[PDB]
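This is coords28.txt (compact mmCIF, C-alpha atoms).
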# COMPACT_ATOMS: atom_id res chain seq x y z
CA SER A 1 -1.39 23.09 3.25
CA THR A 2 0.62 20.30 1.67
CA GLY A 3 2.99 17.52 2.70
CA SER A 4 5.70 15.57 0.91
CA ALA A 5 7.58 12.53 2.23
CA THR A 6 10.03 10.07 0.78
CA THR A 7 9.04 6.41 0.86
CA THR A 8 11.78 3.77 0.82
CA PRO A 9 11.76 0.03 -0.01
CA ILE A 10 12.37 -2.09 3.12
CA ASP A 11 14.53 -4.57 1.20
CA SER A 12 16.07 -5.47 -2.15
CA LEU A 13 12.78 -6.93 -3.47
CA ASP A 14 10.52 -3.93 -2.74
CA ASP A 15 8.46 -6.18 -0.44
CA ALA A 16 7.04 -3.01 1.15
CA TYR A 17 7.80 0.70 1.55
CA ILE A 18 8.32 2.75 4.73
CA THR A 19 7.72 6.45 5.17
CA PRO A 20 8.87 8.45 8.21
CA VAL A 21 6.04 9.85 10.35
CA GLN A 22 6.35 12.25 13.28
CA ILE A 23 4.10 11.41 16.24
CA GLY A 24 3.74 13.37 19.47
CA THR A 25 5.50 16.23 21.23
CA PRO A 26 8.48 16.19 21.11
CA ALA A 27 8.35 14.30 17.83
CA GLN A 28 8.79 10.55 17.86
CA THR A 29 9.65 9.43 14.34
CA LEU A 30 8.38 6.02 13.28
CA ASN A 31 8.70 4.39 9.87
CA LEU A 32 5.22 3.40 8.74
CA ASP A 33 3.84 1.35 5.88
CA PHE A 34 1.39 3.64 4.03
CA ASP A 35 -1.49 1.35 3.10
CA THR A 36 -4.24 2.47 0.70
CA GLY A 37 -5.98 -0.87 1.38
CA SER A 38 -6.70 -0.25 5.10
CA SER A 39 -7.81 2.62 7.31
CA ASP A 40 -6.06 2.25 10.68
CA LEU A 41 -2.96 4.17 11.75
CA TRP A 42 -1.38 1.81 14.26
CA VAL A 43 2.08 1.63 15.80
CA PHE A 44 4.41 -0.52 17.81
CA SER A 45 4.42 1.09 21.22
CA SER A 46 5.45 0.98 24.85
CA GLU A 47 2.29 -1.11 25.37
CA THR A 48 3.23 -3.83 22.86
CA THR A 49 3.85 -7.25 24.47
CA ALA A 50 7.64 -7.24 24.88
CA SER A 51 8.18 -10.68 23.32
CA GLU A 52 6.43 -9.41 20.15
CA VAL A 53 8.83 -6.53 19.61
CA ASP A 54 12.08 -7.34 17.75
CA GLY A 55 13.87 -4.21 16.57
CA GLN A 56 10.98 -1.86 15.80
CA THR A 57 10.94 1.75 16.95
CA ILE A 58 8.10 2.20 19.43
CA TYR A 59 5.77 5.08 20.20
CA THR A 60 5.71 5.95 23.91
CA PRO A 61 2.59 8.02 24.63
CA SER A 62 3.71 8.84 28.18
CA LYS A 63 6.61 10.84 26.67
CA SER A 64 4.32 12.95 24.52
CA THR A 65 2.84 16.10 26.03
CA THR A 66 0.07 16.08 23.42
CA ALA A 67 -0.96 12.41 23.79
CA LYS A 68 -4.38 11.73 25.33
CA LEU A 69 -5.90 8.28 25.91
CA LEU A 70 -9.08 7.85 23.87
CA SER A 71 -10.91 6.36 26.79
CA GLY A 72 -12.69 3.09 26.13
CA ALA A 73 -11.59 2.76 22.52
CA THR A 74 -10.06 -0.46 21.22
CA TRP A 75 -9.04 -1.74 17.78
CA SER A 76 -8.39 -5.06 16.15
CA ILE A 77 -7.51 -5.76 12.54
CA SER A 78 -6.73 -8.70 10.24
CA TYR A 79 -5.05 -8.32 6.87
CA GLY A 80 -5.30 -10.30 3.64
CA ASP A 81 -2.16 -12.29 4.39
CA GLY A 82 -3.53 -13.51 7.72
CA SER A 83 -1.53 -11.16 9.89
CA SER A 84 -3.15 -9.12 12.64
CA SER A 85 -2.74 -6.60 15.44
CA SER A 86 -4.85 -5.02 18.20
CA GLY A 87 -4.69 -2.62 21.12
CA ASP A 88 -6.02 0.66 22.44
CA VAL A 89 -6.07 4.23 21.17
CA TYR A 90 -4.50 7.62 21.80
CA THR A 91 -5.05 10.89 20.05
CA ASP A 92 -1.88 12.85 19.27
CA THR A 93 -0.28 15.19 16.76
CA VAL A 94 0.87 13.40 13.61
CA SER A 95 2.92 14.97 10.83
CA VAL A 96 3.85 13.56 7.44
CA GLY A 97 6.32 15.44 5.28
CA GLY A 98 5.53 18.79 6.89
CA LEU A 99 1.76 18.27 7.00
CA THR A 100 0.32 18.23 10.52
CA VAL A 101 -2.91 16.79 11.92
CA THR A 102 -3.81 17.44 15.53
CA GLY A 103 -6.08 14.96 17.33
CA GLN A 104 -5.22 12.05 15.03
CA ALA A 105 -6.19 8.62 16.35
CA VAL A 106 -2.94 6.72 16.96
CA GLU A 107 -3.78 3.11 17.58
CA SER A 108 -1.31 1.59 20.02
CA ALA A 109 -0.59 -2.11 19.58
CA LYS A 110 -0.80 -4.37 22.61
CA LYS A 111 -0.51 -7.45 20.41
CA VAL A 112 0.90 -8.09 16.93
CA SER A 113 1.14 -11.34 14.97
CA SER A 114 4.44 -13.00 14.18
CA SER A 115 4.92 -11.59 10.67
CA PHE A 116 4.85 -8.06 12.13
CA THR A 117 7.34 -8.97 14.88
CA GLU A 118 9.60 -10.52 12.24
CA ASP A 119 9.66 -7.36 10.15
CA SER A 120 11.96 -5.09 12.14
CA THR A 121 11.85 -2.35 9.50
CA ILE A 122 8.10 -1.62 9.80
CA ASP A 123 7.03 0.29 12.95
CA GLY A 124 3.34 0.32 12.06
CA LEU A 125 0.83 1.07 9.30
CA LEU A 126 -0.80 4.31 8.17
CA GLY A 127 -4.11 3.53 6.49
CA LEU A 128 -5.23 5.54 3.48
CA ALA A 129 -8.39 3.71 2.43
CA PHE A 130 -11.79 5.16 3.35
CA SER A 131 -12.52 5.78 7.04
CA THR A 132 -15.56 3.50 6.87
CA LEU A 133 -13.07 0.57 7.22
CA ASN A 134 -11.49 1.93 10.39
CA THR A 135 -11.67 -0.70 13.15
CA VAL A 136 -11.77 1.50 16.27
CA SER A 137 -14.67 0.62 18.55
CA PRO A 138 -17.07 1.91 19.83
CA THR A 139 -16.31 5.20 18.07
CA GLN A 140 -14.93 4.78 14.57
CA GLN A 141 -11.97 7.05 13.77
CA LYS A 142 -10.83 8.94 10.67
CA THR A 143 -7.69 8.36 8.62
CA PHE A 144 -4.81 10.85 8.50
CA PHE A 145 -5.93 11.83 4.99
CA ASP A 146 -9.57 12.30 6.03
CA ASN A 147 -8.50 14.53 8.92
CA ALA A 148 -6.09 16.53 6.74
CA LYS A 149 -8.40 16.87 3.75
CA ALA A 150 -10.15 20.16 4.47
CA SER A 151 -6.79 21.83 5.17
CA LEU A 152 -5.17 20.60 1.95
CA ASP A 153 -4.71 22.87 -1.08
CA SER A 154 -6.43 20.12 -3.06
CA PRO A 155 -8.17 17.06 -1.53
CA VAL A 156 -5.70 14.52 -3.00
CA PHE A 157 -2.66 12.44 -2.21
CA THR A 158 -0.32 10.82 -4.73
CA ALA A 159 1.76 7.66 -4.62
CA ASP A 160 4.97 7.58 -6.62
CA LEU A 161 6.66 4.30 -5.71
CA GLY A 162 10.13 3.45 -6.94
CA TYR A 163 11.46 0.28 -8.49
CA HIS A 164 14.34 -0.76 -6.27
CA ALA A 165 14.56 2.91 -5.27
CA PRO A 166 12.94 5.58 -3.10
CA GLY A 167 9.78 7.38 -4.16
CA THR A 168 7.34 9.92 -2.81
CA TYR A 169 3.97 10.35 -1.14
CA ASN A 170 2.54 13.84 -1.61
CA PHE A 171 -0.51 15.30 0.12
CA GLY A 172 -2.52 18.21 -1.16
CA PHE A 173 -0.95 18.72 -4.58
CA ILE A 174 -0.04 17.04 -7.84
CA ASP A 175 3.63 17.33 -8.82
CA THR A 176 3.45 17.88 -12.56
CA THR A 177 7.22 17.17 -12.86
CA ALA A 178 6.84 13.63 -11.50
CA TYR A 179 5.12 12.02 -14.50
CA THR A 180 5.15 11.95 -18.28
CA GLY A 181 2.22 12.66 -20.60
CA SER A 182 -1.24 13.06 -19.08
CA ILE A 183 -2.97 11.64 -16.04
CA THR A 184 -5.95 9.45 -16.94
CA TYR A 185 -8.68 9.52 -14.33
CA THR A 186 -11.05 6.63 -13.74
CA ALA A 187 -14.13 6.15 -11.52
CA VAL A 188 -13.95 4.83 -7.96
CA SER A 189 -16.47 2.86 -5.95
CA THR A 190 -16.23 3.43 -2.21
CA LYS A 191 -18.93 0.82 -1.50
CA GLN A 192 -16.41 -1.62 0.05
CA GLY A 193 -14.28 1.11 1.66
CA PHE A 194 -11.45 0.70 -0.87
CA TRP A 195 -10.01 2.65 -3.78
CA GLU A 196 -11.91 0.29 -6.08
CA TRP A 197 -11.81 0.83 -9.84
CA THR A 198 -12.20 -1.04 -13.12
CA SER A 199 -9.24 -1.61 -15.42
CA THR A 200 -10.17 -1.79 -19.11
CA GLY A 201 -7.90 -4.73 -19.92
CA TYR A 202 -4.40 -6.07 -20.35
CA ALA A 203 -1.60 -7.18 -22.64
CA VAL A 204 1.30 -9.61 -22.15
CA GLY A 205 4.64 -8.48 -23.55
CA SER A 206 4.25 -7.24 -27.12
CA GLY A 207 0.94 -9.05 -27.45
CA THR A 208 -2.38 -7.62 -28.53
CA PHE A 209 -4.43 -5.79 -25.94
CA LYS A 210 -7.42 -7.70 -24.56
CA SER A 211 -10.34 -5.42 -23.74
CA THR A 212 -11.97 -6.75 -20.63
CA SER A 213 -13.23 -5.19 -17.40
CA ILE A 214 -11.16 -6.01 -14.33
CA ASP A 215 -12.58 -4.76 -11.03
CA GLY A 216 -9.88 -4.25 -8.37
CA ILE A 217 -8.37 -2.09 -5.65
CA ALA A 218 -5.36 0.20 -5.67
CA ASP A 219 -3.47 -1.08 -2.65
CA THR A 220 -0.05 0.31 -1.75
CA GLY A 221 0.06 -2.10 1.21
CA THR A 222 0.07 -5.23 -0.95
CA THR A 223 3.35 -6.22 -2.58
CA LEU A 224 2.18 -8.07 -5.67
CA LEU A 225 -0.34 -7.84 -8.52
CA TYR A 226 -3.29 -10.22 -8.02
CA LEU A 227 -5.53 -10.77 -11.02
CA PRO A 228 -8.07 -13.32 -12.30
CA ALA A 229 -6.73 -16.81 -12.96
CA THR A 230 -7.39 -16.45 -16.70
CA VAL A 231 -5.21 -13.34 -16.97
CA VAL A 232 -2.44 -14.72 -14.80
CA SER A 233 -2.36 -17.99 -16.76
CA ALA A 234 -2.09 -16.03 -20.04
CA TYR A 235 0.90 -14.12 -18.60
CA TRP A 236 2.86 -17.07 -17.23
CA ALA A 237 2.23 -19.15 -20.37
CA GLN A 238 4.70 -16.78 -22.07
CA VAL A 239 7.53 -17.76 -19.70
CA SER A 240 9.24 -21.07 -20.46
CA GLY A 241 9.13 -23.35 -17.46
CA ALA A 242 6.75 -21.20 -15.39
CA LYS A 243 4.24 -23.11 -13.30
CA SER A 244 1.85 -22.76 -10.42
CA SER A 245 3.30 -24.47 -7.35
CA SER A 246 0.94 -25.48 -4.57
CA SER A 247 3.90 -26.06 -2.25
CA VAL A 248 5.33 -22.59 -2.80
CA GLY A 249 1.93 -20.89 -2.91
CA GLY A 250 1.82 -19.44 -6.41
CA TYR A 251 3.48 -19.07 -9.78
CA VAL A 252 7.23 -19.67 -9.93
CA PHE A 253 9.56 -19.46 -12.90
CA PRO A 254 13.16 -20.36 -13.80
CA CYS A 255 15.47 -17.66 -12.47
CA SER A 256 17.24 -17.86 -15.88
CA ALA A 257 14.13 -16.40 -17.60
CA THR A 258 13.67 -12.97 -19.05
CA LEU A 259 10.16 -11.90 -18.09
CA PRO A 260 7.78 -10.15 -20.49
CA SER A 261 6.16 -6.86 -19.57
CA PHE A 262 2.52 -6.65 -18.47
CA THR A 263 0.25 -3.81 -19.60
CA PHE A 264 -2.97 -2.84 -17.84
CA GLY A 265 -5.62 -0.47 -19.12
CA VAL A 266 -6.80 2.76 -17.48
CA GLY A 267 -9.66 3.91 -19.64
CA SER A 268 -8.09 4.41 -23.07
CA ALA A 269 -4.60 4.74 -21.54
CA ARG A 270 -2.06 2.00 -20.88
CA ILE A 271 0.38 1.42 -18.02
CA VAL A 272 3.32 -0.85 -18.77
CA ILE A 273 4.92 -2.91 -15.99
CA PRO A 274 8.42 -3.89 -17.11
CA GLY A 275 9.26 -7.57 -16.85
CA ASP A 276 11.95 -6.93 -14.25
CA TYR A 277 9.28 -5.57 -11.84
CA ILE A 278 7.62 -9.02 -11.86
CA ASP A 279 10.77 -10.83 -10.60
CA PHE A 280 10.72 -11.44 -6.83
CA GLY A 281 13.78 -13.62 -6.81
CA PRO A 282 14.63 -17.07 -5.53
CA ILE A 283 11.92 -18.78 -3.49
CA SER A 284 14.63 -19.65 -0.96
CA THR A 285 18.28 -18.59 -0.74
CA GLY A 286 20.27 -20.14 -3.58
CA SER A 287 17.27 -21.64 -5.39
CA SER A 288 17.03 -21.44 -9.19
CA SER A 289 13.25 -21.21 -8.86
CA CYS A 290 12.06 -17.60 -8.68
CA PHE A 291 8.78 -16.20 -7.37
CA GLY A 292 6.43 -14.34 -9.70
CA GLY A 293 5.09 -10.84 -9.05
CA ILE A 294 1.79 -11.53 -10.80
CA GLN A 295 -0.38 -14.02 -8.97
CA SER A 296 -3.95 -15.30 -9.05
CA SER A 297 -6.60 -13.48 -7.01
CA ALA A 298 -8.76 -16.60 -6.98
CA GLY A 299 -9.78 -17.28 -3.39
CA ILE A 300 -8.82 -13.74 -2.29
CA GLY A 301 -12.20 -12.54 -3.46
CA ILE A 302 -10.91 -9.35 -5.02
CA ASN A 303 -8.30 -8.28 -7.56
CA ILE A 304 -5.44 -6.23 -6.10
CA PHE A 305 -3.36 -3.68 -7.94
CA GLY A 306 -0.51 -3.82 -5.45
CA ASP A 307 2.96 -2.32 -5.57
CA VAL A 308 4.05 -4.30 -8.66
CA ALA A 309 1.42 -2.39 -10.64
CA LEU A 310 1.39 0.91 -8.80
CA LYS A 311 5.16 1.46 -8.90
CA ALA A 312 4.97 1.55 -12.72
CA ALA A 313 2.77 4.66 -12.45
CA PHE A 314 2.27 8.03 -10.88
CA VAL A 315 -1.02 7.47 -9.02
CA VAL A 316 -3.45 10.14 -7.86
CA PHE A 317 -5.84 9.27 -5.06
CA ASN A 318 -8.47 11.96 -5.53
CA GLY A 319 -10.59 12.42 -2.38
CA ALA A 320 -13.00 14.98 -3.80
CA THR A 321 -16.70 14.57 -2.98
CA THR A 322 -16.78 12.13 -5.87
CA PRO A 323 -13.51 10.24 -5.50
CA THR A 324 -11.49 9.14 -8.51
CA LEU A 325 -8.12 7.53 -9.31
CA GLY A 326 -5.60 8.93 -11.76
CA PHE A 327 -2.77 7.07 -13.47
CA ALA A 328 0.13 8.47 -15.45
CA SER A 329 3.27 6.91 -16.87
CA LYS A 330 6.57 8.15 -15.47
I need this file expressed as structure tokens, please.
Amino acid sequence: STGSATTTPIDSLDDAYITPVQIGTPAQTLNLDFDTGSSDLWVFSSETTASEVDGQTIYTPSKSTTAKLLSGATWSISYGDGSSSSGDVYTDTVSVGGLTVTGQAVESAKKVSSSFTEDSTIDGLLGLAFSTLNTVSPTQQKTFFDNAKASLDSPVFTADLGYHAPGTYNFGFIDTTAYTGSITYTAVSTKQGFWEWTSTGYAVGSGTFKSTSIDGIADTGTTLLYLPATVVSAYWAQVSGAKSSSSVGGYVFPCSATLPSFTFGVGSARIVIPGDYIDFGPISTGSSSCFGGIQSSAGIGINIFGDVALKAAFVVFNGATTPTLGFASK
């Protein structure tokens, strides 16, 4: 089997991407944030504290003939930005782009933090990291991908995110029309539960490539590119007027600037992020100070190849016995 679904930016900055997911019988379609940096599939639901719902589409298990309470199971998760959610668990039929899993753990939110409430376009998250990070207690649950894997033509999914445009998540096959040149595959460590890999270096604009190992995760659920302070400083030093602002919470730059590209290494191959991808616009409406899409990972504890990086590539998440990551230009 295979699946194929379109993923769509939630706003004009590509702050996140939503993908329609069918849950239950008859289908209830929710728009979920596919997140390769977490491993819980959770949704706004009929159980979510009413004051914490503001425009989201909710899953109502009582209206699904295939929903069953997973008795005793609870979940609770915190994300890198400080947001959080928690609740209980149902199993139900979940389909993505024509690909169906029966008995998928659907984690129903009783509580969500304010930043989730405030994002009316995101109805939940669908985790695509390794199932070892799944937060369901006392019986840990598997991701949609883990459950689907044995049924897939090939044990892979691919992320093809658009710049200010829709893209595609495919399951079970590699679309050879979706990228240019070859896919370069690189080793993955699953030791922390993430799609963790080592970039071979970087360049700023038309500058010389610096060979240097950068350990990080491929995370579709993170908006920006977070790299070591040395690297980030070298990038923003090429933008007149750019500075790190403690009050804003990162690097800002004059909105009148033309940003240089940023290149990262995948083995001997190179992925180029165009300068425009690194512009996240005015820090506040009408400001001439703009927020940068490359930020320091210092104090995160890990480097994150988020959407800013991933949307410049066709990315293969290879879930074979020995997992790997593939990157191609597109």
Residues of stretch 16-85 of chain A that approach stretch 116-122 of chain A to 10 Å or less, counting all atoms listed in the file: could you list each one with the shortest pair of atoms and its distance in Å to one decimal, rows by chain and increasing residue number, as a tab-separated table?
residue	atom	partner	partner_atom	distance
A:16	CA	A:122	CA	8.8
A:17	CA	A:122	CA	8.6
A:18	CA	A:122	CA	6.7
A:19	CA	A:122	CA	9.3
A:30	CA	A:122	CA	8.4
A:31	CA	A:122	CA	6.0
A:32	CA	A:122	CA	5.9
A:33	CA	A:122	CA	6.5
A:43	CA	A:122	CA	9.1
A:44	CA	A:122	CA	8.9
A:51	CA	A:117	CA	8.7
A:52	CA	A:117	CA	5.4
A:53	CA	A:117	CA	5.5
A:54	CA	A:117	CA	5.8
A:55	CA	A:120	CA	4.9
A:56	CA	A:120	CA	5.0
A:57	CA	A:122	CA	8.4
A:83	CA	A:116	CA	7.4
A:84	CA	A:116	CA	8.1
A:85	CA	A:116	CA	8.4
Exercise. Which one of A:82, A:114, A:186, A:72 sits closest to residue A:138 if you count all atoms listed in the file?
Worked result: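 Looking only at the distances to residue A:138, the closest residue turns out to be A:72.
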Exercise. Quick one: of A:170, A:244, A:102, A:238, who's nearest to residue A:291, counting only C-alpha atoms?
Worked result: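 Between A:170, A:244, A:102, A:238, the residue approaching residue A:291 most closely is A:244.
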Exercise. Which of these residues is nearest to residue A:222, using all atoms listed in the file: A:270, A:311, A:210, A:164?
Worked result: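 The answer is A:311, which sits nearest to residue A:222.
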For this session: Between A:316, A:156, A:105, A:271, single out the one closest to residue A:126, counting all atoms listed in the file.
Result: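 For residue A:126, the nearest of the candidates is A:105.
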Exercise. Of the candidates A:209, A:90, A:144, A:226, which one gets nearest to residue A:300 if we count all atoms listed in the file?
Worked result: A:226
Exercise. Can you tell me, as a ChimeraX atom specification, what residues are no more than 7 Å from stretch 188-205 of chain A when counting only C-alpha atoms, ignoring any on the same chain fewer than 5 positions away?
Worked result: /A:37,129-130,132-133,210-218,235,260-267,323-325
For this session: May I ask for the distance between atom CA of residue A:4 and atom CA of residue A:167, given in Å to one decimal place?
Result: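 Between atom CA of residue A:4 and atom CA of residue A:167 the gap is 10.5 Å.
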Exercise. What separation in Å, quoted to one decimal, exists between atom CA of residue A:176 and atom CA of residue A:315?
Worked result: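 Between atom CA of residue A:176 and atom CA of residue A:315 the gap is 11.9 Å.
Separating atom CA of residue A:14 from atom CA of residue A:312 is a distance of 12.7 Å.
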For this session: Go through A:240, A:39, A:318, A:223 and flag the residue nearest residue A:184, using only C-alpha atoms for the distances.
Result: A:318
For this session: Step by step: start from the point (-3.1, 3.0, 5.8) in the file's coordinates, keep every protein, DNA or RNA residue that has an atom no farther than 6 Å from it, count all atoms listed in the file, and write the set as a ChimeraX atom specification.
Result: /A:34-36,38-40,125-128
File dump, residues just selected, C-alpha atoms, as a PDB file, keeping the file's coordinate frame:
ATOM      1  CA  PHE A  34       1.390   3.640   4.030  1.00  0.00           C
ATOM      2  CA  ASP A  35      -1.490   1.350   3.100  1.00  0.00           C
ATOM      3  CA  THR A  36      -4.240   2.470   0.700  1.00  0.00           C
ATOM      4  CA  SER A  38      -6.700  -0.250   5.100  1.00  0.00           C
ATOM      5  CA  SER A  39      -7.810   2.620   7.310  1.00  0.00           C
ATOM      6  CA  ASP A  40      -6.060   2.250  10.680  1.00  0.00           C
ATOM      7  CA  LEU A 125       0.830   1.070   9.300  1.00  0.00           C
ATOM      8  CA  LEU A 126      -0.800   4.310   8.170  1.00  0.00           C
ATOM      9  CA  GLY A 127      -4.110   3.530   6.490  1.00  0.00           C
ATOM     10  CA  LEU A 128      -5.230   5.540   3.480  1.00  0.00           C
TER      11      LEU A 128
END
Exercise. So which residues are close to (10.8, 9.8, 8.7), meaning at most 10 Å away in the file's coordinates with all atoms listed in the file counted, and can you show them as a PyMOL selection string?
Worked result: chain A and resi 5-8+18-22+28-32+95-97
For this session: May I have the residues within 12 Å of residue A:163 as a PyMOL selection string, using all atoms listed in the file and disregarding those fewer than 3 positions away in the same chain?
Result: chain A and resi 7-17+160+166-168+223+273-280+307-313+330
Problem set entry | Test item: residues at most 9 Å from residue A:104, only C-alpha atoms, excluding those fewer than 4 positions along its chain, as a VMD selection string | chain A and resid 41 90 to 94 141 to 144 147
